[PDB]
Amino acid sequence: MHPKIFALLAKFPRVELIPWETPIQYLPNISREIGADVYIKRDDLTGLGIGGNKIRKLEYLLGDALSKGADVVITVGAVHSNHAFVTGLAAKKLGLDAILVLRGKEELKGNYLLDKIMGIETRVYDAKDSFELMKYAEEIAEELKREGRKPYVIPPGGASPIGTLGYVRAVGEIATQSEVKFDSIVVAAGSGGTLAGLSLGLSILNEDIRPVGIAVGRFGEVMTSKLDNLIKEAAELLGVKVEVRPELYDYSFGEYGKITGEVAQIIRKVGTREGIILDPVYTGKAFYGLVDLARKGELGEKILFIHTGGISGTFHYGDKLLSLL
């Protein structure tokens, strides 16, 4: 925790869901190949549930929630959505209820398989992949509010200014430990909170490190414009200026949830050469978009890849992955 950042987060009521600072490891092989030293930060060992990037976010969201006397959080995401599970399982630990408004092929495997095991409540609605279940969440929060039950709705991937503070803290932690001075930091980009917080923070530490987000789906206008808005409201939350938005390379292969022989080979590669697993929906496309850039000489000499968990995907869509190797 960096002096300044601490000082700026200390006002926000957060729930402490993590005990240790997750490790930053160096990857010998992917460095020899690609040709750059790439370090990986195990945010997938954040510990709660299947771990991952969300846990850090839940700390400021559910921290908040347990304030506004909420007693039943709602969230959204894919049916395989890690965040959805982790937000759910987390909701329950802090002694709260949780309703997941999922969307997709009802498959009893992966995170949806977990969702049940843990008994988290599940509600699916075949609807515009635009993640517009975000409206089903509300009707749901309305009627529950019409019962005197105080809910708490969470935005796709905790893409909330307050959940954003999640990585804003993660940058301070990356600064207390890092022995390496990074030129760029990669990380998949789903809803934009990881890039936001990570960016709001860097800017706060005013570090000459480049915030590189590896888009993994939509992008059009929304993903980059809305990205900027998000990181704006966040700063206005911390009451500070912005130091020009990050980078954002699309490596989604066209559509979210697409599993290609490239997202697939890079899985077996990182796994069989470094001994770390990444998934075919998030982390796998971003490590793949890590090699691409590090070979085109676009990342610098020292690069840190923030592993964001998602371990359930590799099991969920393990069948496709096979038919591709």
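We number the residues from 1 along the sequence you see.
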- Task: With reference to the PDB entry, specify whether the mean Cα temperature factor is higher for 156-164 or for 124-132.
- Result: 124-132
- Which wins on mean Cα temperature factor, 90-98 or 243-251? 243-251
- Note on the structure: From 114, 214, 141, 202, the top C-alpha temperature factor is at 141
- Task: Report the option among 295, 273, 41, 57 whose CA atom has the maximum B-factor in the deposited record.
- Result: 295
- Where does residue 282 sit by CA temperature factor within its chain: lowest, middle or highest third? lowest
- CA B-factor placement of residue 103, once the chain's modelled residues are sorted into thirds: middle
- Message: Using the temperature factors of the C-alpha atoms in this entry, rank residue 31 within its chain: lowest, middle or highest third.
- Response: highest
- Please place residue 197 in the lowest, middle or highest third of its chain by C-alpha B factor as given in the entry. lowest
- Hey, what third does residue 45 fall into on Cα B-factor, ranked over its chain? lowest
